[PDB]
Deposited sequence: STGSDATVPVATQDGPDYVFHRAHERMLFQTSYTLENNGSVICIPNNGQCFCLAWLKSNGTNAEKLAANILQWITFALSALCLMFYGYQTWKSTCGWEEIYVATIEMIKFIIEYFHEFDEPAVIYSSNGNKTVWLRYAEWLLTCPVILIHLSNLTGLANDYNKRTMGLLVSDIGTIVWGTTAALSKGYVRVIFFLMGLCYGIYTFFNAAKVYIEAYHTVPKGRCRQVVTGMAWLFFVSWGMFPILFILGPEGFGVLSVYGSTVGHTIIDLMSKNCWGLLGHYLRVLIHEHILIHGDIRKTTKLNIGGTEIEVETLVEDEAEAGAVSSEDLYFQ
C-alpha cells in the first residue's frame, strides 16, 4: 500500500500514532478485500478476459470501429489492473473511508456509450442516428455519473444519487428496448432475427445485473467483498461487451452477406405507440406497405 499501514493504539485504544512520513492513514482502508479464494477467482477471470478480448480484437482484425474500441479498452484495462489494481487511482481510498473502483466507472464511461452507439446501428448500414439515439447516450452517461457519485458517497447522499441513477437507468433500458424492437423487425426474417433476439437477452440481463451488484457490493450494503465484486463484474463484463460484441460482428457479417447476394431491397412495415420500420426483404416481390399490430 501507498497509504499508512503501520500504527500503534495508545491510551486504551483511544489514540492512534503514525510515523510522520507524509502518508495518509485510515482504519477503514485496511479492511480486507476478501479471501484468497476470491483473489484466485478474480485473477483467473481477468486473465480469461484479457486473453479473450485480445482474441476478439485479432479476430475482428481478419465501420466495425465499435467492436474494436471496446475490445481495446478492455485490454488496456487489464494491464492497469495487472500492475496497479489496488493502487490509487484504480481504487480511490477517500477521506470518508470509502474504497471506490474508479477504474470500473471510468471504463464504463469509455465503453458503454460506444456499445449504445453500436446498438443504434446494429445492422451497420445506417449512416445517421436519430434524436432518440442521443437521449440514450445522455441518459446512460448520467447513470454512470450518479452511480459513481453514489459509490463515492455514504448514507443518505449515496441513496439519493443511486436513485437518480436508477431513474436515468430505467430511461436507458426503456429506450434500448425500443431500439431492439425496431432492430428485430428491420433485419431479415431468418438467422438475423435470432441473433438480435440473443443480444436483447444478453443486453438486458448483463446490464440489469449492474445495479444489483452495486447494491450488494461495498458501494451498497457490503454483502460482497471487493474481490467478490470484481469476480461478478468481470463475468457480466464478458456478457455485456465481449460476447455481445462478438454477436454484433457476426450480425453485421450476416447483414452484409444478405445485401451482397440479394441487394438492398426494402419494404415499409408499420408497428402500431405507432412506429414505422423499413424491413429488409429478400426479393423484389415485396416492396409494399405491410403492418403489424402489437
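Within the chain's deposited sequence, the coordinate-free stretches run 1-26, 89-94, 305-307, 330-333 in sequence order.
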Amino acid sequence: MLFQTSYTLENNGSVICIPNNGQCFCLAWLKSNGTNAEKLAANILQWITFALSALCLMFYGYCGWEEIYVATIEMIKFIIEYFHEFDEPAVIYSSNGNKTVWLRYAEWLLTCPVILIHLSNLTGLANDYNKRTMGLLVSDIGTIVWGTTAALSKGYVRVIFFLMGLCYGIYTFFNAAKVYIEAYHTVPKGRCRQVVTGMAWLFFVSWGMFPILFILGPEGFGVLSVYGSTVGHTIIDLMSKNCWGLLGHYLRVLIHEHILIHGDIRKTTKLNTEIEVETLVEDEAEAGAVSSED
From here on, numbers count along this sequence of modelled residues.
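For the pair 181-189 and 162-170, the mean Cα B-factor is higher in 181-189. In this entry, 278-286 shows the higher mean Cα temperature factor of the pair 278-286 and 12-20. Of the candidates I115, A106, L224, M75, the one whose C-alpha carries the top B factor in the deposited record is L224. Highest CA B-factor among the listed residues (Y82, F86, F204, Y93): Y82.
Sorting the modelled residues of the chain by their CA temperature factor places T100 in the lowest third. Remark: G245 belongs to the middle third of its chain, ranked by C-alpha B-factor as recorded. In the deposited entry, the Cα temperature factor of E219 places it in the middle third of its chain's modelled residues. Among the modelled residues of the chain, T111 sits in the lowest third by CA temperature factor in this PDB entry.
For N127, the recorded CA B-factor ranks within the highest third of the chain. Only modelled residues enter the ranking.
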